[PDB]
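Structure first, commentary second.
Positions of Cβ are backbone-derived with ideal geometry, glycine not excepted, and every protein chain shown enters the neighbour counts. A short reminder: the numbers here are calculations on the coordinates, not readings from a lab.
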Amino acid sequence: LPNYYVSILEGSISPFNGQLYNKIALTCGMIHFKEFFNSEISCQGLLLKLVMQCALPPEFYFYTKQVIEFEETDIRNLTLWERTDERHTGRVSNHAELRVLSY
Amino acid sequence: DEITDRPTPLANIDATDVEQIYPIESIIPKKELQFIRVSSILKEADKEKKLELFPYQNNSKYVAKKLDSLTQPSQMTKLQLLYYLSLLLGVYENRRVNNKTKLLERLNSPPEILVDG
Amino acid sequence: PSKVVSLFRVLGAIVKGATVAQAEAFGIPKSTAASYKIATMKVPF
Amino acid sequence: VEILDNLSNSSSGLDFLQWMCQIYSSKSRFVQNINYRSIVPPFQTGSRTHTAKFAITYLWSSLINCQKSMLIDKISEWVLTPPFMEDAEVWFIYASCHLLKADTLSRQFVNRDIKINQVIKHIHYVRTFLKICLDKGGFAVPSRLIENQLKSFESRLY
DNA sequence: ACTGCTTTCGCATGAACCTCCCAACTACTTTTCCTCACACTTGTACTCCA
DNA sequence: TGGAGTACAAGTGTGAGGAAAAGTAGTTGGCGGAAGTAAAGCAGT
């Protein structure tokens, strides 16, 4: 293997500033994870970790989802985004996992 | 003491122009200038009937890149350079074939005295 | 590439890098103009 | 110092200093022309005209341990093997190794043939090695008090 | 004349170097990789000022 | 009532920036005169 290909395989620096999200956007753009697979983030299994992360009362698990359900597209389905478009990183917070944190 | 040759080309040291410090008789001698016909390529501007008379035809990039510049008598002298550039492309890239009877199997229509020289 | 540049050193050309003037009309980016060499010569010797 | 200050199941500290001065003791000339990165001399290199700091620390630490363990001839033969013909600090400890011998041999616990003319070598070694320490560069010893320590070793002899 | 300086000789046979170029130890270029920020322009929102 | 515009926020064009293993280079160390007895032609005064 060459000196650059054997340096790209060892992961010297871990993904930062949303580097890992933007690679999913390229991955959902070269192959269509949309329209073939269920691009539905299990957002109920996300917040249960986020409930037990900082020891908040479990009332906030259902205080959150009604805020999510009120401000959402078709109530449910925080759909995972695709980018076949270009080297432009959507600043819309199009990433479905990124949207649950702001809620 | 001088047979076992130098890497430097036969230059022209007292010349002041860069096209003059490289003499035209050094790389290709004055006898081999008239063993090449010049009108077989310039009269036919064609995509196949100009590539047909090259010694090493290939699907490469640089070979058909500098060829499609102009059809002008200024590059008539440099037209045989590209014909002799492509003939030197067959010699360096082959190190396992050590004869001439197998040299035809990689080329198509090689020259007469330029190959043996 | 550096196997090719060492062949020109016997000739005597000062193989140096390109310029930003020699960057736009040659298909190479302006920032990565260091690994992209241009070999000229000097007319007395 | 984490080995020497530990003293629970320590490697005594001094054996690590011996490890350093076996594989990093160089005799290269310090070239001073190349730009240096990642090695910087005054605590980690060992070229000519600079005895390394782990080398001279190996000398002093194996002399203090040599005194606390009362083997003195091992170190005095060990320091004998390099002549560092540039500096003065290894000559002073090579002087001080004999001065500690002249201290211990001059007890004599009487209340007498070879024990007298043995010590008179060590008195002579200190007066020469301190003299050759002064012959070298700047290493300002108390060359007055150390003479006054040898005279007290001859008053024990008389 | 006898001068000097030659010179030939010897017991068998057995055994009885000098540049130079390669090495260690460093640094600095080499030869291709993936990862986004920036500069505008059309667009939709703002509140006019008579 | 109406249109001005100025903003706000969206959309398109374009190469500059951080990374590592190989390589190169860059400079040293280091190696392979108490021997005899005798003749001779050559010199000397």
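The numbered conditions (1) away from DNA strand F (no atom under 16 Å from the Cβ); (2) of a type in the set (D, E, K, R); (3) surrounded by fewer than 12 Cβ atoms within 10 Å (Cβ to Cβ) are all true for A:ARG87 except (1). Screening region A:1-95 for helices (runs of 4 or more DSSP H) wholly inside it with 3 or more residues that are at negative phi and within 17 Å of the chain's Cα centre (by Cα) returns the ranges A:19-30, A:43-53.
If you go through region A:16-37 and keep only what is surrounded by 11 or more Cβ atoms within 10 Å (Cβ to Cβ) and more than 8 Å from DNA strand E (Cβ to nearest atom), you end up with A:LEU20, A:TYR21, A:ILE24, A:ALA25, A:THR27, A:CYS28, A:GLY29, A:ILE31, A:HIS32, A:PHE33, A:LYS34, A:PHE37.
For region C:1-29, which residues satisfy the criterion of being more than 14 Å from chain B (Cβ to nearest Cβ) and assigned to a loop (DSSP other than H, G, I, E, B)?
C:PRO1, C:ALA18, C:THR19, C:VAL20, C:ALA21, C:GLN22, C:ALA23, C:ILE28, C:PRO29
Of all the residues in region D:3-40, those that are closer than 22 Å to D:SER62 by Cα and under 23 Å from the mean Cα position of the chain (by Cα) number 19. All but one of (1) assigned to a loop (DSSP other than H, G, I, E, B); (2) within 14 Å of chain C (Cβ to nearest Cβ); (3) of a type outside the set (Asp, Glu); (4) surrounded by 11 or more Cβ atoms within 10 Å (Cβ to Cβ) hold for B:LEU67; state the number of the condition that does not hold. It is condition (2) that B:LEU67 fails. (1) of a type in the set (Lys, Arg); (2) more than 14 Å from every other protein chain (Cβ to nearest Cβ); (3) exposed (fewer than 12 other Cβ atoms within 10 Å of the Cβ): which one isn't true of B:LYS49, the others all being true? Tallying (1) of a type in the set (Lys, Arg); (2) more than 14 Å from every other protein chain (Cβ to nearest Cβ); (3) exposed (fewer than 12 other Cβ atoms within 10 Å of the Cβ), B:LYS49 fails exactly one: (3). Does C:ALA33 satisfy being farther than 23 Å from B:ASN12 by Cα, surrounded by fewer than 10 Cβ atoms within 10 Å (Cβ to Cβ) and within 13 Å of DNA strand F (Cβ to nearest atom)? Judged against the criteria, C:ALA33 is not a match. Counting the residues of region B:90-117 that are more than 22 Å from B:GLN34 (Cα to Cα) and part of a helix (DSSP H, G or I) gives 3.
For region C:30-45, a residue qualifies if it is in a loop (DSSP other than H, G, I, E, B) and within 14 Å of another protein chain (Cβ to nearest Cβ), and the qualifying residues are C:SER35, C:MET41, C:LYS42, C:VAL43, C:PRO44, C:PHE45. Looking only at region A:62-103, filter to residues that are among the aliphatic types (A, V, I, L, M) and within 16 Å of DNA strand E (Cβ to nearest atom); which one of those is farthest from A:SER42 (Cα to Cα)? Per the stated criteria, the residue is A:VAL92. Scanning region C:7-30 for residues that are within 24 Å of B:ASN12 (Cβ to Cβ) and within 11 Å of DNA strand F (Cβ to nearest atom) turns up just one, C:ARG9. Kindly check whether there is at least one residue in region D:95-103 that is of a type in the set (A, V, I, L, M, F, W, C) and surrounded by fewer than 18 Cβ atoms within 10 Å (Cβ to Cβ). The answer is no; no qualifying residue exists. Within region B:1-13, restricting attention to residues that are surrounded by fewer than 12 Cβ atoms within 10 Å (Cβ to Cβ) and more than 10 Å from every other protein chain (Cβ to nearest Cβ), the residue that is nearest to C:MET41 (Cα to Cα) is B:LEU10. Checking each residue in region B:16-27 for being facing another protein chain (nearest Cβ under 9 Å) and in a loop (DSSP other than H, G, I, E, B) picks out B:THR16, B:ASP17.
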